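Overview (structure and organization)
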Amino acid sequence: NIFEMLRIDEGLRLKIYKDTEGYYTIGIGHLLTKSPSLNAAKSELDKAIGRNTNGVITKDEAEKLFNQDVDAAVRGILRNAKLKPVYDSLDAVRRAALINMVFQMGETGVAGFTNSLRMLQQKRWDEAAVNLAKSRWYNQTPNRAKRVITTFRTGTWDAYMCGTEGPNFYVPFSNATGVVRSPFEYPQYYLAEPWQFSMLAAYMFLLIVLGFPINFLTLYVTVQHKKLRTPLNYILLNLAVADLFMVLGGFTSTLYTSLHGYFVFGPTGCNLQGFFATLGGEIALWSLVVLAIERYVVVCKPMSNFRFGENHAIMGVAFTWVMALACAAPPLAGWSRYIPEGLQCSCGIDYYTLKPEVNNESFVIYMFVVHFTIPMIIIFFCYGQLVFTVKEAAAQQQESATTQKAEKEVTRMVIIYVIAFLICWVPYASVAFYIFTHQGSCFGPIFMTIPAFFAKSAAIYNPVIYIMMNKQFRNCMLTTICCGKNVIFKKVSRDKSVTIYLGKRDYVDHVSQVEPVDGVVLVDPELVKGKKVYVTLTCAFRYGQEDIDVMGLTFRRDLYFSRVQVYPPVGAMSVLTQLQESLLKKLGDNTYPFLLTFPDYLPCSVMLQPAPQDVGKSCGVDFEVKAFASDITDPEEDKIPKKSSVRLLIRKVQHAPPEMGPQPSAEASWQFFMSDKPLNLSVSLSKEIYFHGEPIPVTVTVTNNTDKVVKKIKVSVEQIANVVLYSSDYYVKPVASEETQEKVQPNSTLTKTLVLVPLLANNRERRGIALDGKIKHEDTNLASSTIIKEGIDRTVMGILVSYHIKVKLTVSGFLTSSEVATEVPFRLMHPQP
């Protein structure tokens, strides 16, 4: 209060200055020295402040120098016999008014006032003000004195109110001079220079010219191209719609008002403009939150690519709109208010004026805390854990150079995503926070404009980073902006220069050693002249759509890759197979062999079954042998010519081993909370390795010694899908299940054998079911049980599969039913042909 009074009146000067008297004075009238030496002023200043100030002190240090004057002056008041009784009689507010008089004029000046101090002591306010107004002090500084004189009369701080309050608005300017008029009626040129209103008109023009085409084109291009319309882009499309609301609802209205210099549309127009401006900004904000969440879950976990259909994307866009309306609507319906901010041209949320009628305190806290901290925590956690996962994954296999380029591009974008987010919302949050902590201080119209500059700029530069810098949207917009443009077997290329040959598609995987790829490649001498032909082995994990995944941040992960040269070779092949010799003799002179081997740490060819409604969803591992021609040296694999290249997929299939494992026989006992009797259960199977389409007799044996009755006995052939890509993520699912209606009595034993037949036909139309890798959309069978080599060095990435018979006993216990269950593992694989 008192500090804010004297700061407005005397004026807070930070550096050392010579006052009207010509003495070295610092801060709010805080004297330093009477000597003509400047270093003498520095001497007392440095000692008082406590550091090398060099004349320059902080605003808080000037506040402490002022508080020392407050303490010293108050002591001086109590020392004086005329001032002490008046100080004691008056309240805290009028005491501060007296201190203002004692500050400038000194004890000497204030001591001379006989009549006023008598009347002030006698609780006569009006005639005291009349006497004070008729003095030298009012003549000296009528600006300062008039404010203090009114304070003595009223006993309130109304004279010291920073701006000019109103029914539907708040102007940050003093009406003491008598120039303030309504922003909904008259011009506001008294706030700032007229050319700055033209600057605002030029600025809003720039936002419309840049903002509308970018966001409209985003939607227009999406309507044309089928490629873009995918669930992940749904949230990016919502961002485009949000920014369009900021243009049409916000900037165009602000442009019209900035030209005139005041808000012409009135309170109704201010509510609607501020509503769309907030809605556009908030939908844009929560769109980026959802985008961060989506990109974290979808990339790190490959299973979620299937999960994320249109309905989940709609929920993300819905949540965005709900959170936006949750904070945009209350200003209309009482909680806070939309008023003209800054220059009283743009309408926005009232986060400066504390009005308990509309409850701004609770609203600014609710908004600030929720809408700032929750995105900050979620987005930094999302992209933070994303980069954390990718950097650790990139370090796991440094041999793959393709992953390193991705990891680099990713980290570069994530740094820019953070910078764009902070530059956008930190100005508003920091200023709103600083205004809340320092409420007594004044804030100009241009001061409130600085956050508005960066936030409305985000309407432009967010589409740049999230849409324009996006790889798919960049190439799609390129098309629209430029008007539509810019037995042994083989496979021939498109240009028909290179022709690959392979003996078989299905390559076998024995536990010890993998059966290698063998074949040849025919080449045209005339077409391939002064070029380098490479035969390449590639193992790849695929998840999601091909175009969309490259665009988001980083693309599908290759489990293993190995390229090999062919024409011309370093020497030749060491020794040839019967296949290569046969092909060389059959084919002409321009045939060159290759031998590509698999290491021991790779998975099998496994895909996951989609639902019939899932038209555009696919995830699965597959092997690809590819051959191509190129002008560039070895490391230019990352990019390839589409025309010269030819690719033919293969499988790393595992047949069942000749010797069967031990006969599975699991056993487990149970107890209960009241009854301490044992319930012994023992399971047993026929084989360790079952084959596809084979009956599985599960000879369950249950010996009941407990008081409780069992309701039923259910057996289930459960497929555990262990998916590993970034982290180890198991996924259990049932395949086949049969249950008996028989009941086991107390002190009674039972021996039953239930047969189960796991088949693909019965398990059709189900999401998440792992299958053996298809060649070309043909019919297949349930996924084979994956086998891993003993005590290997590297971890096995990819989709690992395993089966287990899970018997569960529905026990009728004390209406409530207890469900105990146990598992036993087994294998489902193809037989040796």
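Per the deposited record, determination of this structure is attributed to X-ray crystallography, with the resolution reported as 3.302 Å.

1. Description of the overall build of the protein chain
In terms of helices and strands, the protein chain carries 21 helices and 27 strands. For 833 residues, the compact-globule estimate of 2.2 N^0.38 gives 28 Å, and the C-alpha radius of gyration of the protein chain, at 40 Å, exceeds that figure by more than 25%. Along the first, second and third principal axes, the C-alpha set of the protein chain runs to 120 × 90 × 55 Å.

2. Focus: the packing of helix α1 (residues 2–11) against helix α5 (residues 92–104)
Any two packed helices are characterised by the angle at which their axes cross and by the distance between the axes. Relative orientation of the contacting elements α1 and α5 amounts to 40°, with a least axis distance of 10 Å. By the angle between their directions, the pair α1 and α5 is classed as oblique. Taken as a pair, α1 and α5 cross one another with a handedness that is right-handed. Contacts between α1 and α5 involve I2, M5, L6 and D9 on the former and, on the latter, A96, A97, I99, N100 and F103. Considered class by class, the residues forming the contact of α1 with α5 number seven nonpolar, one polar and one charged.

3. Digging into a nonpolar patch on the surface
Judged by side-chain polarity, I415, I419, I423, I450, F453 and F454 come together as a nonpolar surface patch covering roughly 520 Å² of accessible area. Counting residues per element, the ones that place at least two in the nonpolar patch are α17 (401–437) and α18 (445–468). Within the secondary structure, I415 is located in helix α17. In this structure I415 comes out as partly exposed when scored by relative accessible area, which is 48%.

4. Regarding unusual backbone geometry
Residue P568 is bonded to the preceding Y567 through a cis peptide linkage, with omega at -10°. Residue position: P568 is located in the loop between β13 (560–567) and α21 (578–586). Phi at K123 takes a positive value of approximately 60°, unusual for a residue other than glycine. Mapped onto the secondary structure, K123 falls in the loop between α7 (115–121) and α8 (126–133). For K123, a relative accessible area of 43% corresponds to the partly exposed category. Located in the positive-phi region is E765, a residue other than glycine, with phi close to 60°. Along the chain, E765 falls in the loop between β24 (748–756) and β25 (769–772). Residue class for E765 comes out exposed when judged on its relative accessible area of 55%.

5. Description of the nonpolar core
With 82 residues, the main nonpolar core has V517, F541, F594, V625, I650, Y803 and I805 as its most contacted residues. With seven residues, the top contributor of residues to this core is strand β26 (residues 798–812). When sequence neighbours within four positions are dropped, the list of residues in contact with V625 reads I500, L502, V517, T536, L537, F594, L596, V646, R647, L648 and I650. In this structure, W286, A328, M413 and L553 belong to the second largest nonpolar core, which totals 47 residues.

6. As for the pattern of salt bridges
As enumerated under the stated definition, the model contains 27 salt bridges in all. A salt bridge links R563 to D634, with the shortest nitrogen-to-oxygen separation between them at 2.6 Å. One end of the pair, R563, is in strand β13; the other, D634, is in the loop between β16 (619–630) and β17 (646–653), with 71 residues separating them in the sequence. One connected set of salt bridges, linked through shared partners, spans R542, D622, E624 and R647.

7. As for the pairing of strand β23 (residues 728–740)
Direction of pairing for strand β22 (residues 709–724) relative to β23: antiparallel, over a ladder of 12 bridges. In the sheet register, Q719 faces β23, and the bridge partner there is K733. Here β22 folds back onto β23, and the loop between the two strands holds three residues.

8. So, the packing of aromatic side chains
Here the structure, examined in full by the defined rule, presents 34 aromatic pairs. Judged by centre distance (5.7 Å) and plane angle (50°), the rings of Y170 and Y352 are tilted. Taken together, the residues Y170 in strand β5 (residues 170–171) and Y352 in the loop between β7 (346–349) and α16 (360–396) connect sequence positions 182 residues apart. According to the relative accessible area criterion, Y352 is buried, its value standing at 5%. An aromatic cluster is defined as three or more aromatic residues linked by ring pairs; in this entry it consists of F169, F184, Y256, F263 and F265. The positively charged end of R95 is found above the aromatic ring belonging to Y87, 5.0 Å away from the centroid. When the ring centre of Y534 is taken as reference, the NZ or CZ atom of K532 above it lies at 5.9 Å.

9. Remarks on the sheet that holds strand β1 (residues 13–18)
Pairing is antiparallel across the open sheet formed by three strands, whose spatial order is β1-β2-β3. A single partner strand is all that each edge strand has here, and the edge strands are β1 and β3 (30–33). Taking each pair of neighbouring strands and ignoring which way they run, the sheet shows an average axis angle of 25°. Across three bridges, the pairing between β1 and strand β2 (residues 24–27) is antiparallel. By the bridge assignment for β2, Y17 is matched with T25. Here helix α2 (residues 38–49) sits on the sheet in contact with β1, β2 and β3, set at roughly 120° to β3.

10. Side note on the state of the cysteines
What the rule picks out here adds up to two disulfides. Here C162 pairs with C442 through a disulfide, and the sulfurs are 2.0 Å apart. Placement of the pair is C162 in the loop between α10 (142–154) and β4 (164–165) and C442 in the loop between α17 and α18, with a sequence separation of 280 residues. Here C270 is linked by a disulfide to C347, with a sulfur-sulfur distance of 2.0 Å. Sign of the S-S torsion, about -120° for the bond between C270 and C347, identifies this disulfide as left-handed.

11. Things to note about the packing of α1 against helix α3 (residues 59–79)
Relative to each other, α1 and α3 sit at 110°, their axes nearing to 11 Å. Comparing the axis directions of α1 and α3 gives the class roughly perpendicular. Residue-level contacts link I2, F3, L6 and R7 of α1 to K59, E63 and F66 of α3. Here the contact of α1 with α3 is built from residues that sort into four nonpolar, no polar and three charged.

12. Remarks on the sheet that holds β26
Pairing is mixed in the open sheet, where five strands are placed in the order β20-β27-β26-β22-β23. Each having just a single partner strand, β20 (689–691) and β23 make up the two edges of the open sheet. Sheet twist, expressed as the average angle between the axes of neighbouring strands with direction ignored, equals 40°. Two elements, β22 and β26, share 15 bridges in a ladder whose sense is antiparallel. What sits directly across from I713, in β26, is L809.

13. Description of a positive patch on the surface
Taken together, the side chains of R494, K531, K642 and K643 define a basic patch exposed on the protein surface. Tracing the backbone shows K531 in the loop between β11 (517–523) and β12 (532–543). Judged by relative accessible area, which is 33%, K531 ranks as partly exposed.

14. A short note on the side chain of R651
Positionally, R651 belongs in strand β17. A residue is classified by how much of its surface remains accessible, and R651, at 14% relative accessible area, is buried. A distance of 2.7 Å separates a polar side-chain atom of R651 from the backbone oxygen of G773. Excluding its chain neighbours within four sequence positions, the residues that come into contact with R651 are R505, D506, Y507, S605, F623, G773 and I775.

Cut-offs used in this document
- Residues numbered from 1 in each chain as written, not as in the entry; some residues may be left out.
- Heavy atoms only, no water.
- Residues with missing side-chain atoms left out of burial classes, pairs and counts.
- Helix = DSSP H or I, 4+ residues; strand = E, 2+ residues; numbered from the N terminus.
- Rg over C-alpha atoms; globule rule 2.2 N^0.38 Å.
- Axes fitted to C-alpha atoms, helices over the stretch in contact; angles between N-to-C directions.
- Parallel < 35°, antiparallel > 145°, perpendicular 65-115°, else oblique.
- Left-handed = near helix turned anticlockwise from the far one by under 90°.
- Contact = heavy atoms within 4.5 Å.
- Nonpolar A, V, L, I, M, F, W, Y, C, P; charged D, E, K, R; others polar.
- Patch = residues over 30% accessible without salt bridge, like charges linked within 9 Å, V, L, I, M, F, W, Y side chains within 5 Å.
- Areas by Shrake-Rupley, 256 points an atom, 1.4 Å probe, with all protein chains shown as cover.
- Salt bridge = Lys/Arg side-chain N within 4 Å of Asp/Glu carboxyl O.
- Buried < 20%, exposed > 50% of the residue type's maximum accessible area, 1.4 Å probe, protein only.
- Core = buried A, V, L, I, M, F, W, Y, C linked by side-chain atoms within 4.5 Å.
- Pairing = 2+ DSSP bridges.
- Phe/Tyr/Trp six-rings, centres within 6.5 Å; stacked < 30°, edge-to-face > 60°.
- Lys NZ or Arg CZ within 6 Å of the ring centre and 35° of its normal.
- Disulfide = S-S within 2.5 Å.
- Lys, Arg positive; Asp, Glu negative; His and termini not counted.
- Charge placed at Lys NZ, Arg CZ, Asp CG, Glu CD.
- Polar contact = N/O pair within 3.5 Å; in protein donor to acceptor, adjacent residues only side chain to side chain.

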